[PDB]
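*Asks:* Take this structure first; my questions come after.
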Amino acid sequence: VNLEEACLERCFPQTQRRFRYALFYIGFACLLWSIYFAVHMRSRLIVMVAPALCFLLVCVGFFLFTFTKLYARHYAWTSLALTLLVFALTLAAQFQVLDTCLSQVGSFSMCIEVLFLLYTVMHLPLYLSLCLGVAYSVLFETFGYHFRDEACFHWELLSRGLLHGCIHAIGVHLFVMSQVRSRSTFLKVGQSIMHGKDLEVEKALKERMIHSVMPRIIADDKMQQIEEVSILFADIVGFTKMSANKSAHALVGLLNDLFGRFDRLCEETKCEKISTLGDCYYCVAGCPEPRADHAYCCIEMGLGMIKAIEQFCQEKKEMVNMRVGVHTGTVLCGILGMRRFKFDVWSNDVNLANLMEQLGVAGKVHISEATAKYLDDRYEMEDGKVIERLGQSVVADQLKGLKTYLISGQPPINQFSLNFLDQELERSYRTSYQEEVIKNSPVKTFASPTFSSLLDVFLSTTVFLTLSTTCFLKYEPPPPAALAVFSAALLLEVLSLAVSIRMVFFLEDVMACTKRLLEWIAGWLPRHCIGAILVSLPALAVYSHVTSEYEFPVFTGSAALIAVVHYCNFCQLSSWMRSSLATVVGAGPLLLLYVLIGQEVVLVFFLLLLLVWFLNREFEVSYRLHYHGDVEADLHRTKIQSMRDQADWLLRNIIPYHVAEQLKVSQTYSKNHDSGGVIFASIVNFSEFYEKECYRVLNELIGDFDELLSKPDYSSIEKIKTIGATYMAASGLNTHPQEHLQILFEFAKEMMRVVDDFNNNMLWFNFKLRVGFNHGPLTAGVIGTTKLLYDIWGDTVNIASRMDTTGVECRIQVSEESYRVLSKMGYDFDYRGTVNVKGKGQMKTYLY
């Protein structure tokens, strides 16, 4: 009931505006009646004209009430007060009159107009309005017969009751339809405002997802050759000891705040964080925006990382340090792949920066000669001394004479033509009924265009029959012309009713051809033609009983009063045509037939016609506005589903399926896997092909790779990320005991096949995709709060990257652990020897 109070509040201007117009009408109606009374009924003026001018003051007093705040709270009470006042005046006028006599037609006009004011343009409860109207109508008819005059003037009583029944039927139907449009619009305009609020709060989710995989500058809208870029790398020394004797939730927790501290420091540094490779944290400075201070901000974050880890060391009581290595130079950045694509930087300089981190000492910033060229005496500078620190190891074989150095610190509706301002909406409005039939939309509410026609046709049928029933009661020889119109109308009436019920219920007797013409009838032009005759069908019965023996007079005018009233029905049609037809088919015929009784009919129809003209205008714009809320409601629904689909897909671009539900429950996710496999696959000979123009072909190969995860057989494999030219993927995150491990090989076995095929279209150059492979315990987890990031790290991942380093062309290097189950199935495998592995000594590694 709380929503109802808001419904009245929003519709309160409509109720207030309508009630004010009623006061203008009744004041104008009483003004004209008194003027006619003061001219042709001069016999008894003060007993009759005084209430008219007195009621003019009543309208003025009621107009004064509208501005008072009491009317705002109690608009319903004021409307009822006018009801009894106008009721008292009209009933007294009927009694008081009976050159000293007034025709019953004038009395009937007062009854019809006041009944229509109460039903339509007053906004009262249905039971109260109906009961008041029937009580008022029953007293009006009873008084007239009781107080009828004999000096001037069975089925007779039933005739008036049928006339009064028609007025209530149209008034009630107009009233219930008026409420339906108001309630339907209020609910659906409110639905629009809730979709609009949800769209803004759901669009921010989409922008957050884009920001989780791309820089802000790139997010404004696919590769670059930006020079003078300082690259950072770091390693959490002692992370292996942290991994042991630690829970998965606690381990990722210590990383989450540690990375966040880096990110907050990065925000002050205003650098860019590309990605975090497990415990490593590598970032770039100088791209995409051409920053001229790139070398220094890398050192500040590098030295700040040393400070930040120490503060984290004293907060979480951990024994960790930092090993920062920065190398500056040219770099290539962009987006690779169609799924799980992230911003990354690729070059030979980047790999040297990663190596320089491995050559560093904990708590130090290990810079290159290139970075030292951009550094002033603001910072102390030391000899790198890596040659004697680590000896002549394989890792340091490729320094190639580059001296290294270290750092320790420091309402669109026109009033006249009643049309939409936007012609685009106007065209869609006219075709609304046709497409409603075309789509076969089910009947939802009382405001459906197909259902509205059904109720309008039914009302037109009973209005015509009840009105015509009394006409035949007068005669009970009727002229043959009257009989022809009645039978022809009935034949068309039942056919129109049959069409409407079939257009709504859609009986199984329908068939393709009759559905084609049904849509054609729904068009604007042919619906107007059938509606115009149907609306005038009750009116034609009145003037088909008129012949050369007229001089009968009172009843035809009394029946024509209802005929012009019936034109308020069929609200779906244009109000101007219906109102015009009322003037030319409801008032015109009798006006010519009469062409003081002659003055009285002119005044009676003029007052009634203007009420019909205004009521149709008010009810039409209510129906126009209802469809205006319909086009706005459907647009907001399609806007929401557009951004809903966009955001969910970018969720799929960051986290896999199994992480989406858990993230919806808690802000953090973690998992430790007993057994899992990781695959590395790098395009090695790209350096020979590299010389931005070459990388575009590389993008297609990555795009071709992305289609493999779209294959139905690789649904158990979800790639982690693409780094360098390498392709990293894992099998077993979503989990034969090692069925996942086979398909990871099966995914791998398809990896070089497409590489060989992709080389067919190129000219005298073939790409080679060396692959590393090993399986074991691995740890996943989501990193970041405002920027999500998914990664898997551990000893299993690190050696696979090592096997990617120590690999050969198109061969799947396999460690001991996979061999304990891979050769058991039947895979054909070979031997190569042993390679260096950190943390396990020399390792027995084979090939496919």
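Every residue number used here counts from 1 along the chain in the order it is shown.
Just so you know, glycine gets a Cβ as well, placed from its N, Cα and C.
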*Asks:* Quick one: which of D221, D263, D279 does Swiss-Prot put in the Mg(2+) 2 site with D235, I236?
*Replies:* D279
*Asks:* So which residues does the transmembrane segment (126-143) touch in its own chain, when a touch means Cβ under 8 Å and the partner is 6 or more beyond its ends?
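*Replies:* Contacts of the transmembrane segment (126-143) (Cβ under 8 Å, skipping residues fewer than 6 from its ends): 80, 83, 87, 90-91, 94-95, 107, 111, 114-115, 118-119, 160-161, 164, 167-168, 171-172, 175-176, 179.
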*Asks:* Quick check: which same-chain residues outside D235, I236, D279 lie with their CB within 8 A of the centre of the Mg(2+) 2 site CB atoms?
*Replies:* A234, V237, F239, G278, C280, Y281, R323
*Asks:* Please classify the secondary structure at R802 (ATP binding site) using three-state DSSP.
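*Replies:* Note: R802 (ATP binding site) is helical by DSSP.
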*Asks:* List the Cα distance (Å, whole number) between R802 (ATP binding site) and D235 (Mg(2+) 2 binding site).
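*Replies:* Cα to Cα, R802 (ATP binding site) and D235 (Mg(2+) 2 binding site) are separated by 16 Å.
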*Asks:* Taking only same-chain residues 6+ apart in sequence, whose CB is under 8 Å from that of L277 (ATP binding site), what do you get?
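*Replies:* Once residues fewer than 6 apart are set aside, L277 (ATP binding site) is near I723, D791, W793.
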*Asks:* Find, among the binding-site residues listed as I236, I792, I799, the one whose Cβ has the highest number of other Cβ atoms within 10 Å in the structure shown.
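*Replies:* Of the binding-site residues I236, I792, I799, the most buried by Cβ count within 10 Å is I799.
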*Asks:* Sequence gap of 6 or more, Cβ distance under 8 Å, 3 or more pairs: do the transmembrane segment (75-95) and the transmembrane segment (453-473) meet that?
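*Replies:* Counting Cβ pairs under 8 Å, fewer than 3, so no.
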